[PDB]
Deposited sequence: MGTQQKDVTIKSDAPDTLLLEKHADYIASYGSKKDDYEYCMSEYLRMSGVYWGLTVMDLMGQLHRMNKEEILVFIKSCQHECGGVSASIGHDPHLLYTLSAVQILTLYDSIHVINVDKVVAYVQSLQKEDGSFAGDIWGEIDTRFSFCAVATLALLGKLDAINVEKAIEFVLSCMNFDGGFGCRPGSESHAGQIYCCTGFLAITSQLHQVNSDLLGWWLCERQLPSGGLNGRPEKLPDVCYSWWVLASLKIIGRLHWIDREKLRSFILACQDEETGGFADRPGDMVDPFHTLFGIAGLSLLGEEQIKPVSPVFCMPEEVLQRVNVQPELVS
């Protein structure tokens, strides 16, 4: 029942030029400084959305490459920013960036592999860093990083699979750890994981597919679990998961497209989490990526698994088979 009501003067056209301008000018501010702890991911969101729009050249490649090198630590892991601590989240983001730029050997790939390998636990799970937080988010970060480097064989894959499957729930979904409640974010991480490791036959696609399509509210937007407000990014996790399991047609594509377009800021460019709210690069990427999965002509095809242009993944020959 909880939903937004889209006012009738909400944007109903795609404003690609404004979005490119918004991202091109981002970080030229209070919010920028307070999100330094996730800077590497911020850079990934910006570059990926620009590349999906055909505008990657407007970003500063050489500056970003030097920044990434300076964020790899002696253990091989990559931090969010210079001086911060290494983590799987920012290691993935860094590898995705270097893959976009065909510059993987800017960092020490052997040490990245060793870092990822070192974070796997006896039950097959992965910690995010040396402090031991366990979450299926990190199982996905681990295999997505290794897949992009061609080094999936470096971890214990069967045990990693066993752990992820132990996180599958009564409703067909997945949570962060065994016993955790289903959540769209975690479902994206786990279905992406199972795509990468060739285990999608173990998902109950009809059951999970149903739970996912029930995320769509009368406004057209998707929420991330029952009784929550829709958000343009939960919209993305849900759509990518549905695509991975071959069930994207189970949501009303036109109603969702209209909800995503209504989240644009016509004055500044960018997308917000919901109509009328303040935009940010995170929601700009996931709004544009959502539109691409729904088949928007002006945007490059996007990988539902890696949230990167398909043409990039074709180049490195890392293209997981989906359900359909």
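Sequence ranges 1-4, 33-35 have no coordinates in this entry (deposited sequence, numbered from 1, C-alpha basis).
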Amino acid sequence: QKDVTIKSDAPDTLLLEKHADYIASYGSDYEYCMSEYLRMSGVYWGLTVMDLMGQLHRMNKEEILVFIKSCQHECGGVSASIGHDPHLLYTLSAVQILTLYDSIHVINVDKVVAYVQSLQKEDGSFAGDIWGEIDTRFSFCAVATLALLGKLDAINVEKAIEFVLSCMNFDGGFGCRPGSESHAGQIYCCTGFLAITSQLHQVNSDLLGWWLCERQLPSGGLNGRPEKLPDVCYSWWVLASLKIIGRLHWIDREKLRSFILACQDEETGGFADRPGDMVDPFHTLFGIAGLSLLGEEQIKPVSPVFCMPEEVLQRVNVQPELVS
From here on, numbers count along this sequence of modelled residues.
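Rigid core here is just the name for the largest C-alpha set that superposes within 1.5 Å across the two forms.
Put simply, when the other structures in 8 other deposited structures of this protein are lined up on the rigid core, the C-alpha atoms of 233-241 lie farther off than those of the other stretch, from 233-241 and 74-82.
Mean CA B-factor, 271-279 versus 45-53: the higher value falls on 271-279. Once the C-alpha B-factors are averaged per stretch, 99-107 and 177-185 rank with 99-107 first. Residue set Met59, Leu285, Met40, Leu256: peak C-alpha B-factor at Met59 (per PDB entry). Among all modelled residues in its chain, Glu227 ranks in the highest third by Cα B-factor.
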